[PDB]
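Enquirer: Got a file for you: structure15.cif, mmCIF, C-alpha atoms and all ligand atoms.
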data_structure
#
loop_
_atom_site.label_atom_id
_atom_site.label_comp_id
_atom_site.auth_asym_id
_atom_site.auth_seq_id
_atom_site.Cartn_x
_atom_site.Cartn_y
_atom_site.Cartn_z
CA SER A 7 70.39 83.02 -33.09
CA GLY A 8 68.61 80.17 -31.30
CA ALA A 9 67.07 76.75 -31.66
CA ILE A 10 64.42 74.40 -30.19
CA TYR A 11 65.67 71.01 -28.97
CA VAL A 12 62.89 68.44 -28.69
CA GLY A 13 63.45 64.64 -28.65
CA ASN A 14 66.11 63.89 -31.27
CA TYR A 15 65.37 67.06 -33.31
CA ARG A 16 66.86 70.55 -33.52
CA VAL A 17 64.55 73.27 -35.03
CA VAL A 18 66.29 76.34 -36.43
CA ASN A 19 65.55 79.18 -38.84
CA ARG A 20 66.26 77.76 -42.32
CA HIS A 21 68.36 80.85 -43.20
CA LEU A 22 70.62 80.25 -40.16
CA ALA A 23 71.05 76.47 -40.58
CA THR A 24 74.67 75.26 -40.43
CA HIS A 25 76.55 72.77 -42.63
CA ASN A 26 75.91 70.21 -39.87
CA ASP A 27 72.14 70.91 -39.89
CA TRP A 28 72.00 70.24 -43.66
CA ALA A 29 74.10 67.05 -43.32
CA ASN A 30 71.59 65.80 -40.71
CA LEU A 31 68.46 67.09 -42.51
CA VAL A 32 65.04 65.78 -41.50
CA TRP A 33 62.74 68.42 -43.08
CA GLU A 34 62.93 71.98 -44.39
CA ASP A 35 60.49 74.50 -45.84
CA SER A 36 61.68 77.76 -47.39
CA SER A 37 58.15 79.19 -47.35
CA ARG A 38 58.13 78.81 -43.52
CA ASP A 39 61.84 79.73 -42.87
CA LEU A 40 62.20 76.45 -40.90
CA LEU A 41 64.66 73.57 -40.99
CA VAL A 42 64.77 70.52 -38.65
CA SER A 43 67.89 68.39 -38.24
CA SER A 44 68.51 65.22 -36.20
CA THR A 45 70.55 65.10 -32.96
CA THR A 46 72.28 62.31 -31.01
CA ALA A 47 71.44 63.79 -27.54
CA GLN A 48 67.88 64.06 -26.13
CA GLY A 49 66.54 67.66 -26.20
CA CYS A 50 65.58 70.02 -23.31
CA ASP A 51 62.31 71.54 -24.78
CA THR A 52 58.55 70.57 -25.12
CA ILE A 53 56.08 71.89 -27.87
CA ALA A 54 52.74 73.58 -27.13
CA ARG A 55 49.68 71.94 -28.77
CA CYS A 56 47.12 74.75 -28.41
CA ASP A 57 45.54 77.85 -29.94
CA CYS A 58 47.09 80.48 -27.56
CA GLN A 59 47.49 84.00 -29.02
CA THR A 60 49.46 85.40 -26.05
CA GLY A 61 52.88 84.41 -24.78
CA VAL A 62 56.36 85.59 -23.94
CA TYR A 63 59.40 85.77 -26.29
CA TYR A 64 63.13 86.20 -25.77
CA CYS A 65 64.65 89.26 -27.49
CA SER A 66 68.47 88.94 -27.73
CA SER A 67 68.96 92.56 -28.82
CA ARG A 68 67.55 93.65 -25.43
CA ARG A 69 68.66 90.63 -23.28
CA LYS A 70 65.01 90.56 -22.12
CA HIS A 71 61.75 88.65 -22.38
CA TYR A 72 58.63 90.53 -23.48
CA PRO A 73 54.91 89.57 -23.35
CA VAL A 74 53.05 89.62 -26.73
CA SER A 75 49.64 89.26 -28.30
CA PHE A 76 50.11 87.64 -31.76
CA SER A 77 48.01 86.81 -34.79
CA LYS A 78 47.13 83.20 -35.77
CA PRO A 79 49.58 81.52 -38.18
CA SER A 80 48.97 82.94 -41.64
CA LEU A 81 50.41 83.73 -45.11
CA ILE A 82 52.18 87.16 -44.89
CA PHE A 83 54.18 89.02 -47.56
CA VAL A 84 57.93 89.38 -46.67
CA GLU A 85 60.08 91.78 -48.70
CA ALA A 86 63.27 90.42 -50.40
CA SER A 87 66.34 89.95 -48.15
CA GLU A 88 69.86 88.49 -48.69
CA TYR A 89 68.31 85.06 -47.88
CA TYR A 90 65.12 84.92 -49.92
CA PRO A 91 63.41 86.65 -52.84
CA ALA A 92 60.23 88.69 -52.12
CA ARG A 93 57.56 86.05 -51.23
CA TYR A 94 54.68 85.09 -48.94
CA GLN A 95 55.95 83.38 -45.76
CA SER A 96 53.44 80.83 -44.47
CA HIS A 97 52.63 79.82 -40.85
CA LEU A 98 53.80 83.28 -39.63
CA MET A 99 52.42 85.07 -36.51
CA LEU A 100 52.91 88.82 -36.04
CA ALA A 101 53.02 90.86 -32.87
CA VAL A 102 54.02 94.32 -31.70
CA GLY A 103 57.43 94.06 -30.08
CA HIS A 104 61.06 94.93 -30.61
CA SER A 105 63.14 92.88 -33.00
CA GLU A 106 66.37 93.12 -35.08
CA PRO A 107 67.64 90.55 -37.66
CA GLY A 108 69.98 88.70 -35.20
CA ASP A 109 66.97 88.15 -32.88
CA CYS A 110 65.93 85.27 -35.20
CA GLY A 111 65.79 82.01 -33.24
CA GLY A 112 64.47 83.53 -29.99
CA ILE A 113 61.75 81.32 -28.55
CA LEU A 114 58.10 82.33 -28.11
CA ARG A 115 56.37 80.29 -25.32
CA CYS A 116 52.92 80.17 -23.82
CA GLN A 117 51.84 78.28 -20.61
CA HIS A 118 51.71 75.00 -22.69
CA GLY A 119 55.25 75.06 -24.11
CA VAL A 120 57.17 76.30 -27.12
CA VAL A 121 55.03 78.02 -29.77
CA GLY A 122 57.60 79.15 -32.34
CA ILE A 123 60.77 81.14 -33.07
CA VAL A 124 61.50 84.72 -34.19
CA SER A 125 61.76 84.84 -38.02
CA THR A 126 60.80 88.40 -39.20
CA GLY A 127 60.27 91.89 -37.80
CA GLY A 128 60.95 95.58 -38.11
CA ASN A 129 59.45 98.96 -37.19
CA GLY A 130 58.21 97.74 -33.84
CA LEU A 131 56.91 94.40 -35.15
CA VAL A 132 58.17 90.88 -34.48
CA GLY A 133 57.12 87.80 -36.49
CA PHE A 134 57.31 84.18 -35.33
CA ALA A 135 57.41 80.96 -37.32
CA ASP A 136 54.86 78.62 -35.75
CA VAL A 137 55.89 75.06 -34.87
CA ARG A 138 52.67 73.85 -33.09
CA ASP A 139 51.32 72.10 -36.16
CA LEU A 140 54.44 69.85 -36.51
CA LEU A 141 53.02 66.95 -34.56
CA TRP A 142 55.81 64.57 -35.60
CA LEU A 143 58.32 66.56 -33.47
CA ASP A 144 56.74 64.70 -30.41
CA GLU A 145 57.37 61.18 -31.70
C1 LIG B 201 63.95 89.70 -37.28
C2 LIG B 201 63.93 91.03 -38.00
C3 LIG B 201 63.79 92.22 -37.30
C4 LIG B 201 63.95 93.45 -37.93
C5 LIG B 201 64.22 93.50 -39.28
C6 LIG B 201 64.31 92.33 -40.03
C7 LIG B 201 64.63 92.44 -41.50
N1 LIG B 201 65.06 91.18 -42.10
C8 LIG B 201 64.12 90.31 -42.52
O1 LIG B 201 62.91 90.54 -42.49
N2 LIG B 201 64.61 89.12 -43.01
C9 LIG B 201 66.00 88.64 -42.93
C10 LIG B 201 66.09 87.22 -42.35
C11 LIG B 201 65.06 86.29 -42.98
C12 LIG B 201 63.64 86.87 -42.86
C13 LIG B 201 62.58 85.95 -43.46
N3 LIG B 201 61.96 85.16 -42.60
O2 LIG B 201 62.31 85.98 -44.66
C14 LIG B 201 63.65 88.20 -43.63
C15 LIG B 201 64.15 91.11 -39.38
ZN ZN B 202 49.30 77.49 -25.18
#
For this file, write the structure as C-alpha cells.

Expert:
Amino acid sequence: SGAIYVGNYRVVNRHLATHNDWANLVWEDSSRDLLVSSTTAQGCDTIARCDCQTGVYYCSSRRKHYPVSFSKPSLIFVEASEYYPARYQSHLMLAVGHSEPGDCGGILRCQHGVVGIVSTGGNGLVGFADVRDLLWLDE
C-alpha cells in the first residue's frame, strides 16, 4: 500500500484504488497501473522532473529503504494476475531489489523528488510506475 499526495491529487496504484478514489476520479490508465483522484486537503509531496536512474525506495515487506539503479520508463511484458490480463505495462522502470505484492505503493525518490511507486516485482526484481512525465500534477 501507499500513495503520493501532491497539490489536490492523490496518486495510487490503479489496482489498489478505493471506492472513494473512483468517485473522485481525475485520470486513470490501466496500461500504466496508475489512478489519480482529487483531494480536499493540500498534499505533502513534490514530483521530480528529471532523468535520474538511481534513487531510494521504501519496501514495506522489510520496513526498510533500499538504494536502486533502474531502467528508463519503458513498455515491459507483465504476466496475468488477479487484477489484469497478460499485457505490456507502459512507463515501467525495473531494478534489482526485494519486493512482494503488498509492497505496491511504496515511493521511489531521487534527490529531486518523487519518481514513482512500486507496481511489479518478483525474483529479486522491483518495478516502478513512473510519474515524472505527468506535468499536470504540479498545477
Ligand atoms: C510487487 C510484486 C512483487 C512480487 C511479485 C509480484 C507479483 N504480482 C504482480 O506482478 N502483479 C499483481 C499486482 C498488479 C501488478 C501489475 N502492475 O500488473 C501485477 C508483484
Ligand atoms: Zn532526479

Enquirer: Neighbours of ligand LIG 201 (chain B) at 8 Å or closer, counting all atoms listed in the file: which residues, as an MDAnalysis selection string?

Expert: chainID A and resid 19 21 38:39 84:90 95 104:110 124:129 131:133

Enquirer: Taking a cut-off of 8 Å and counting all atoms listed in the file, can you build a table that, for each residue of chain A near ligand ZN 202 (chain B), reports the nearest atom pair and how far apart they are in Å (one decimal), sorted by chain then residue number, as CSV?

Expert:
residue,atom,partner,partner_atom,distance
A:54,CA,B:ZN202,ZN,5.6
A:55,CA,B:ZN202,ZN,6.6
A:56,CA,B:ZN202,ZN,4.8
A:57,CA,B:ZN202,ZN,6.1
A:58,CA,B:ZN202,ZN,4.4
A:59,CA,B:ZN202,ZN,7.8
A:60,CA,B:ZN202,ZN,8.0
A:61,CA,B:ZN202,ZN,7.8
A:115,CA,B:ZN202,ZN,7.6
A:116,CA,B:ZN202,ZN,4.7
A:117,CA,B:ZN202,ZN,5.3
A:118,CA,B:ZN202,ZN,4.3
A:119,CA,B:ZN202,ZN,6.5
A:121,CA,B:ZN202,ZN,7.4

Enquirer: Near residue 8 (chain A), counting all atoms listed in the file, which residues have an atom at most 7 Å away, once you skip same-chain residues fewer than 3 positions from it, shown as a PDB file with C-alpha atoms, in the coordinates of the input?

Expert:
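Written out: part07.pdb:
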ATOM      1  CA  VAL A  18      66.290  76.340 -36.430  1.00  0.00           C
ATOM      2  CA  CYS A 110      65.930  85.270 -35.200  1.00  0.00           C
ATOM      3  CA  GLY A 111      65.790  82.010 -33.240  1.00  0.00           C
ATOM      4  CA  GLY A 112      64.470  83.530 -29.990  1.00  0.00           C
TER       5      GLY A 112
END

Enquirer: Please compute the CA of residue 14 (chain A)-CA of residue 141 (chain A) distance, one decimal, in Å.

Expert: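 Distance between the two atoms: 13.8 Å.
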
Enquirer: Would you mind reading off the distance between CA of residue 52 (chain A) and CA of residue 74 (chain A), one decimal, in Å?

Expert: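 Taking CA of residue 52 (chain A) and CA of residue 74 (chain A), their separation equals 19.9 Å.
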
Enquirer: Quick one: residues within 10 Å of residue 40 (chain A), all atoms listed in the file, excluding same-chain residues fewer than 3 positions away - as JSON, numbers by chain?

Expert: {"A": [17, 18, 19, 20, 21, 22, 23, 33, 34, 35, 36, 37, 123, 125, 135, 136, 137]}

Enquirer: Need the neighbours of (54.8, 80.8, -38.9): which residues are at most 6 Å away, counting all atoms listed in the file, as JSON, numbers by chain?

Expert: {"A": [79, 96, 97, 98, 99, 134, 135, 136]}
